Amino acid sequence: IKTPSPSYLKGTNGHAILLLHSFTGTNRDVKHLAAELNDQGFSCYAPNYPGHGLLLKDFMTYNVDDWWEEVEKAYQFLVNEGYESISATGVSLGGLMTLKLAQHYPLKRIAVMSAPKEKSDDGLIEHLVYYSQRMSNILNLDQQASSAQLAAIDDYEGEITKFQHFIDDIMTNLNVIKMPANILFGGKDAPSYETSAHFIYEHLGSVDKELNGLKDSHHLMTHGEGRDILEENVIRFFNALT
């Protein structure tokens, strides 16, 4: 049980793309999309947020400051490798990280999948419970081990509040994002993600921006139904760099 190492695909076209994963996910959320972009010539870097991949109690000793710091380090890695063209994409939390990156750095373009404009305490807790349940079954943890992981959720309340403020701060400042942008959501995701996507699209400062609601995509747009259409759309968007 460990947090995965980052995934760096070297390409040939001189353009680099950061790919950022979901809350409680890992970079396996973006593996296929990264590889497909690299097959088109891009360099791709998919970091893993600290804490992710660990059992729930350990996971909850990291927070949004740690996850953002890793994103900053990933961007700096690409700068230090010599890339002059750096772009970003991500799903859910990774979409939020992409927007925050765009507020900090001269990204060439961004593609944001399934970003929320707010999250409730109950919604975040439910995601932690699902993560803990899935981890325990994969690891075949016994009754007592699995039960203790869920016991620790109450002490994460302050970090949930921090996560909510992190979202709010990004959403308040979308007007500062001005590079070309592609905002995507899935028609088989909850309605709130369509509402969120419209809000994000409308508040971006970018002159060149598009909104794509893909009817057969689910929340994790990179996986499952609709994936070929999602990838075609995202790859076409980044191919405008070439």
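Start at 1 with the first residue shown and count on from there.
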- request: Take the C-alpha B-factors listed in the entry for 99 to 107 and for 133 to 141, compute each mean, and give the stretch with the larger one.
  value: 133 to 141
query: 218 to 226 versus 17 to 25: which one carries the higher mean Cα B factor per the record?
result: 218 to 226
message: Looking at the C-alpha B-factor values in the deposited entry, which of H52, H198, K57, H32 comes out highest?
response: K57
query: So among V79, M171, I153, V91, who wins on Cα B-factor in the entry?
result: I153
task: Could you tell me which third, lowest, middle or highest, the C-alpha B-factor of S87 occupies within its chain?
output: lowest
message: Could you place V112 in the lowest, middle or highest third of its chain by Cα temperature factor, using the values in the record?
response: lowest
- request: Rank-wise, by C-alpha B-factor, drop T242 into the lowest, middle or highest third of its chain.
  value: highest
message: Can you tell me whether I167 has a C-alpha B-factor in the lowest, middle or highest third compared with the other modelled residues of the same chain?
response: middle
- line: Of the three thirds of the chain ranked by Cα temperature factor, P180 occupies the lowest
